[PDB]
Structures are given as C-alpha cells and as structure tokens.
Amino acid sequence: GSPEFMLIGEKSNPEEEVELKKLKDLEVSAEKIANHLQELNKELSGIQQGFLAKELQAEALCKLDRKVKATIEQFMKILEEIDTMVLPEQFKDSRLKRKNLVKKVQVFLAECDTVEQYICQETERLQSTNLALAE
C-alpha cells in the first residue's frame, strides 16, 4: 500500500500554519510596498506629462528616484529580516515560501532601484557641471 514511518502521530499543521501565516503577511506587505510604487508611478507619470520647466522636472525626478530608494530599503528589510530568521529543516512549505520570497525581494529591490536609477541617471546626465578638490 504505502509504508509510513516517522513518528506515528500526526496532528494537523497548527504551528506550521501559524509560522506560514506570518510569512504570508510578509509577501503582502511587500505587495503593498510594490503597489505604492505603481500608484505613485501613475501620478508621477501623469504629472510628468508636463507642468514645469526642465529645472523643476529634473528636480522632481531626482527627488522622485531618491524616494524610490527609500522604497527599495523597505524591500531590503524583508530580505534582512528573513535573513536573520531561525527555522529548522522541517517546515518545508514555510521554508519554500521564505526562499521564494527572498528572490521576490531581490527583484523587488532591484526593479525598484532600476526605476530610481533610470530616473536618477536621466536627471544625472542632464546635470554634470564641474568640481573642485582641495579639502
């Protein structure tokens, strides 16, 4: 039939679900941060259509990307938080959930950084000016 041996008990996945529930919330909180970007992105793009000169436009973008940077940091906390998490090799689903989340974090931080970097790089190129090294 189907030989089974491990402990001889089985009592549902109570705590397993609890640990998993928190993990679930983490992805959502992440989903919310990611959602805020798309929301802010929509309003920014709308405003981006035109309103002020390049001076303010470039000014808004640099400020825009930097704020984007703050969003990336939140994503960083997700990885760092999970990174400093403790869990044995028993929670297969919970662990699989965390690992997949880690990569979500990698893309979320990076995707967010690219947007901020692009907006920054575009504005950055627009302004170069000179420099002076003395002290």
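An account of the accompanying structure is given in this report. (Residues numbered from 1 in each chain as written, not as in the entry; some residues may be left out. Heavy atoms only, no water.)

**Comments concerning the nonpolar core**
One finds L64, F75, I78 and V105 to be the most contacted residues of the largest nonpolar core, which totals 21 residues. Contributing elements (two or more residues each) for this core: α1 (14–48), α2 (54–83) and α3 (92–126). If we skip the residues at most four places from it in the chain, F75 touches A30, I33, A34, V105, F108 and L109. (Core = buried A, V, L, I, M, F, W, Y, C linked by side-chain atoms within 4.5 Å. Buried < 20%, exposed > 50% of the residue type's maximum accessible area, 1.4 Å probe, protein only. Helix = DSSP H or I, 4+ residues; strand = E, 2+ residues; numbered from the N terminus. Contact = heavy atoms within 4.5 Å.)

**Concerning a nonpolar patch on the surface**
Residues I47, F51, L52 and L56 make up a contiguous nonpolar surface patch of roughly 440 Å² in combined accessible area. Mapping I47 onto the fold places it in helix α1. Take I47: its relative accessible area is 45%, and that puts it in the partly exposed class. (Patch = residues over 30% accessible without salt bridge, like charges linked within 9 Å, V, L, I, M, F, W, Y side chains within 5 Å. Areas by Shrake-Rupley, 256 points an atom, 1.4 Å probe, with all protein chains shown as cover. Salt bridge = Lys/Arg side-chain N within 4 Å of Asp/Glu carboxyl O.)

**Some thoughts on α1**
The first and last C-alpha atoms of α1 sit 50 Å apart over 35 residues, in line with the 51 Å expected at 1.5 Å per residue. Turning to α1, its buried residues are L20, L23, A30, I33, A34, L37, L40 and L44. Close packing links the buried residues of α1 with α2 and α3. Looking one or two residues beyond α1, the residue adopting positive phi is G50, at roughly 145 degrees. (Expected span 1.5 Å × (residues − 1).)

**Quick notes on the state of the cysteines**
Throughout the structure, instances matching the rule amount to 0 disulfides. The thiol sulfur of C112 is not disulfide-bonded, and the nearest other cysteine sulfur, from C120, lies at 13 Å. Looking at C112, the relative accessible area reads 0%, which means it is buried. Lacking any disulfide linkage, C120 is separated from the closest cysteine sulfur, that of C62, by 8.1 Å. The class of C120 is partly exposed, set by a relative accessible area of 26%. (Disulfide = S-S within 2.5 Å.)

**What to know about the environment of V107**
With respect to the helices and strands, the residue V107 is situated in helix α3. Separated by 32 residues in sequence, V107 and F75 place their C-alpha atoms 9.3 Å apart.

**Side note on the packing of α1 against α3**
Direction vectors running N to C along α1 and α3 enclose 15 degrees, while the axes themselves pass 10 Å from each other. Looking at the two axes, α1 sits roughly parallel to α3. Note on packing geometry: the crossing formed by α1 with α3 is left-handed. Where α1 abuts α3, its residues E19, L20, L23, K24, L26, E27, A30, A34, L37 and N41 lie against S94, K97, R98, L101, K104, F108, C112 and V115. By residue class, the composition of the contact of α1 with α3 is 10 nonpolar, 2 polar and 6 charged. (Axes fitted to C-alpha atoms, helices over the stretch in contact; angles between N-to-C directions. Parallel < 35°, antiparallel > 145°, perpendicular 65-115°, else oblique. Left-handed = near helix turned anticlockwise from the far one by under 90°. Nonpolar A, V, L, I, M, F, W, Y, C, P; charged D, E, K, R; others polar.)

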